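Trainee: Begin with these chain(s), straight out of the complex:
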Amino acid sequence: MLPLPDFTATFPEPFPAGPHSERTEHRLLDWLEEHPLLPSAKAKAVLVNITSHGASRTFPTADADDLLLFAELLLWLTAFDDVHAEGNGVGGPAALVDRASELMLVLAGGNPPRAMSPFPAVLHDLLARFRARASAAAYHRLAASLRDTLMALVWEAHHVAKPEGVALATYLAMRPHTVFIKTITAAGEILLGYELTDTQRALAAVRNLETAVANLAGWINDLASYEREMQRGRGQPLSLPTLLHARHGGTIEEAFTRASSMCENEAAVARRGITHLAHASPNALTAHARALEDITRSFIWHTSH
């Protein structure tokens, strides 16, 4: 059954949820007809549904048009990972490198040469709509987190064949970029209408909460998907329980217990960080703490639902 972490004491339910869940689901299905990103229909249906209801917990104060824009970005990102960045890595990472490079050319701007994948064209439009709605610095921070995510996905694919060759400390540093937490946070500043200055971003209070939330998000995703992705046949996954297992021996069950303990300690650090930051005088710091609270609540929720 494998032990899971308990966030009742750190992020208890109920989780606030915006009203736009159902409309987002249907406007998302409209958008997908024009650009087919998922190969199956039930893949499409289940992803659109969880993205929409998940999107509603991530930004409950939302804005129907805004939440749909975020949901489209998060779904584009999730679809690209599932399509060009999974499997056991037979045939290697070069195909994903080629796809990531096409997307770099879009992020760099200027209309690159056309690609037979639909992912560059949708990204181009998503960036354009975010560019308008965002300040300019907020836009490039969003575009930077996408650049880092693509490099981290490329890193993962060069190690999926041999997950035991990866240092735990390196995985801990890289995983925030493949769980998409920085893009969600950057899109959050845009849609929620706040923005930190570079001196606020350097505050230990901000950095430490961001680190704690990024750890929580990647690790709970690792644990929630581990039994799923091993019974898939090929191999131990490149995820937290695998690397703990290699580090300490013992059983996979023992690796899950310390990982569950790690998450609950990390959830406790996030909660103290949210409290410490919500007592900030500036509205931008207190808005950031509250935004990161909901983003986290929604990562926890996706493990349930």
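Mentor: Right, received. Where do you want to start? Residues are numbered from 1 along each chain as shown, chains lettered A, B, ... in the order given.

Trainee: Every contact and neighbour count from this point should use C-alpha atoms.
Mentor: Noted.

Trainee: residue closest to the middle of chain A?
Mentor: residue A:180 (2.5 Å; CA atoms, centre = their mean).

Trainee: which residues does it contact?
Mentor: Residues in contact with residue A:180 (CA atoms under 8 Å, 6 or more residues apart in numbering) are residue A:149.

Trainee: From residue A:98, how far off is it?
Mentor: As judged by CA to CA, to the nearest Å, residue A:180 and residue A:98 stand 20 Å apart.

Trainee: Likewise for residue A:147?
Mentor: In terms of CA to CA, residue A:147 sits 14 Å off from residue A:98.

Trainee: higher neighbour count, those two?
Mentor: Looking at residue A:147 and residue A:98 with other CA atoms under 10 Å, you find the greater number of neighbours at residue A:147, namely 19 against 12.

Trainee: Sticking with the more buried one, tell me its helix or strand.
Mentor: Assigned by DSSP states H and E, residue A:147 belongs to helix A:136-157.

Trainee: Show me what the helix or strand following that helix is packed against.
Mentor: Using DSSP H and E, the helix or strand that follows helix A:136-157 in sequence is helix A:168-178. When contacts are defined as 3 or more CA pairs under 8 Å, 6 or more residues apart in numbering; DSSP states H and E, helix A:168-178 sits against helix A:136-157, helix A:204-230, helix A:240-248.

Trainee: change it to 6 Å
Mentor: Counting contacts by 3 or more CA pairs under 6 Å, 6 or more residues apart in numbering; DSSP states H and E, helix A:168-178 is packed against helix A:136-157, helix A:204-230.

Trainee: mind checking which of those is nearest residue A:18?
Mentor: helix A:204-230 (20.7 Å; CA to CA).

Trainee: and residue A:174, how far is that from residue A:215?
Mentor: 10 Å.

Trainee: what's the answer for residue A:257, then?
Mentor: Here residue A:257 is placed at a distance of 16 Å from residue A:215 (CA to CA).

Trainee: Who has more neighbours out of those two?
Mentor: Legend: neighbour count by other CA under 10 Å for residue A:257 and residue A:215, higher for residue A:215 (23 against 16).

Trainee: and that one, what does it touch?
Mentor: Not one residue lies near residue A:215 by CA atoms under 6 Å, 6 or more residues apart in numbering.

Trainee: neighbours around the nearest residue to residue A:139 once chain neighbours are set aside, how many?
Mentor: When the adjacent residues along the chain are set aside, residue A:139 lies closest to residue A:131, with 5.7 Å between them (CA to CA, 6 or more residues apart in numbering). Each residue near residue A:131 was counted by other CA under 10 Å, and the total is 18.

Trainee: How about the contacts made by residue A:120?
Mentor: residue A:103 are the contacts of residue A:120 under CA under 6 Å, 6+ apart.

Trainee: ok, and it, which helix or strand is that part of?
Mentor: Short version: residue A:120 belongs to helix A:119-133, going by DSSP H and E.

Trainee: And that helix, what's buried?
Mentor: Residues of helix A:119-133 classed as buried by neighbour count (16 or more other CA atoms under 10 Å): A:119-124, A:126-127, A:130-131.

Trainee: add chain B to the structure above:
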Amino acid sequence: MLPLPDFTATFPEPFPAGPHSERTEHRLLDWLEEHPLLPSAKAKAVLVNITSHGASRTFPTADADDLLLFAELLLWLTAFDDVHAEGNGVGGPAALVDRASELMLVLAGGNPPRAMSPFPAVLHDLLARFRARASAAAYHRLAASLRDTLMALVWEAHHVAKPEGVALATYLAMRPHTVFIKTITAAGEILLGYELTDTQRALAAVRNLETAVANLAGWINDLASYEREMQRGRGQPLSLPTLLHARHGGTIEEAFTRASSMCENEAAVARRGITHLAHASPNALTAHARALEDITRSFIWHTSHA
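Mentor: The block that follows adds chain B to the chains above:
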């Protein structure tokens, strides 16, 4: 000898040069003693020299400390390419990916790194000094060009084994990122104290001049480096003449002749774009045209310095 392009009609000499070449050369050699990034000593000497004197043509009006910071970044970048990239890495592209990923983490922010490679710690210092020198948008555009170059280097490492599997249209789009022009241009906006708005950056005149200049820089470098990288005992390099040679058959000389024509046409395009943008306009557009003019001059000067 192989046919090479002639830019007399578009970028004639003399190329203006700042006063700081020799100071920058000495300051670079001291800095490299503190952090050894190049494996050889004669390699170090030749690279420091062209990097320092070239920087004086790239930004002839920069002061010495700005100039050394740029030269340090360009040398850091060139050294990283020589060590880990362009086929030179044992362990394949996965090793380069591991190194590029460490550098992505410095770019994403985050504290001074404790890494076995010396490149992350130097980038951390260089980015900080650029950060203090620049507005926030200009800093993140510099950091973005570095991120894009890293992905492009990884792409290159997955195609060196079979350069003819690369479509020309793809190579032409990718090569600007491995010749570093976007990082030099972004460093130029900071050091020269100008900044385009994002609507100015979408200007057809801006886009077309930047494209012409980026093509010129990668292609001129491909021709100057082909014979070197032909004699290192692997295949043909992943470069413009190789792809033309495969595209049209014939001999490498015929491919060089076709590349030279492409460069001179691109230089004529660049010169018209600089002339067009030079007309009054917002101060940021005309400063950009002048900055790209000098950047182009130093790429051409680089080949002569031989």
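
Trainee: Same as before for the neighbour count of residue A:131, with chain B this time.
Mentor: If you count neighbours by other CA atoms under 10 Å in any protein chain shown, residue A:131 ends up with 19.

Trainee: just the residues of chain A that are near chain B, which are they?
Mentor: Applying CA under 6 Å from any CA of the partner chain, one finds that chain A approaches chain B through A:137, A:158.

Trainee: Quick check: most distant residue from the centroid of chain A.
Mentor: residue A:250 (30.0 Å).

Trainee: Could you tell me how far it is located from chain B?
Mentor: Using CA to the nearest CA, to the nearest Å, residue A:250 is found at 29 Å from chain B.

Trainee: so what's that residue up against?
Mentor: Under the criterion of CA atoms under 6 Å, 6 or more residues apart in numbering or on different chains, residue A:250 has no neighbours.

Trainee: Dihedrals phi and psi, it?
Mentor: phi 70, psi -160 (degrees, to the nearest 10).

Trainee: how close does it sit to residue A:243?
Mentor: 12 Å.

Trainee: Tell me where the stretch 1-150 of chain A has helices.
Mentor: Using DSSP state H, counting those that start in this stretch, the helices of the stretch 1-150 of chain A run over residues A:21-34, A:41-58, A:64-84, A:94-107, A:119-133, A:136-157.

Trainee: Tell me which of those helices is the most buried.
Mentor: helix A:136-157 (a mean of 23; mean count of other CA atoms under 10 Å in any protein chain shown).

Trainee: any idea how far that one is from the chain center?
Mentor: 11 Å (CA atoms, centre = their mean, to the nearest Å).

Trainee: cool, and stretch A:89-106?
Mentor: With CA atoms, centre = their mean, you get 19 Å for stretch A:89-106.

Trainee: List of residues touching it?
Mentor: In contact with stretch A:89-106 (CA under 6 Å, 6+ apart) are residues A:84, A:112, A:120, A:157.

Trainee: In space, what's closest to the first one - neighbours in sequence excluded?
Mentor: Beyond its immediate neighbours in the sequence, the residue positioned closest to residue A:84 (CA to CA, 6 or more residues apart in numbering or on different chains) is residue A:96, lying 5.6 Å away.

Trainee: Then the second one?
Mentor: Ranked by CA to CA, 6+ apart and with sequence neighbours excluded, the top spatial neighbour of residue A:112 is residue A:105, at 5.8 Å.

Trainee: quick one, the helix holding residue A:147 and helix A:168-178 angle?
Mentor: For helix A:136-157 against helix A:168-178, the angle by axes from the mean of the first three to the mean of the last three CA atoms, to 10 degrees is 130 degrees.

Trainee: Nearest to chain B within the stretch 201-305 of chain A, name that residue for me.
Mentor: Nearest residue of the stretch 201-305 of chain A to chain B: residue A:207, at 8.6 Å (CA to the nearest CA).

Trainee: Check the burial of that residue by counting its neighbours.
Mentor: 16.

Trainee: OK, contacts around residue A:194?
Mentor: residue A:284.

Trainee: now it: how far from residue A:57?
Mentor: Distance from residue A:194 to residue A:57, by CA to CA: 19 Å.

Trainee: got it, and residue A:270?
Mentor: Residue A:270 is 18 Å from residue A:57, by CA to CA.
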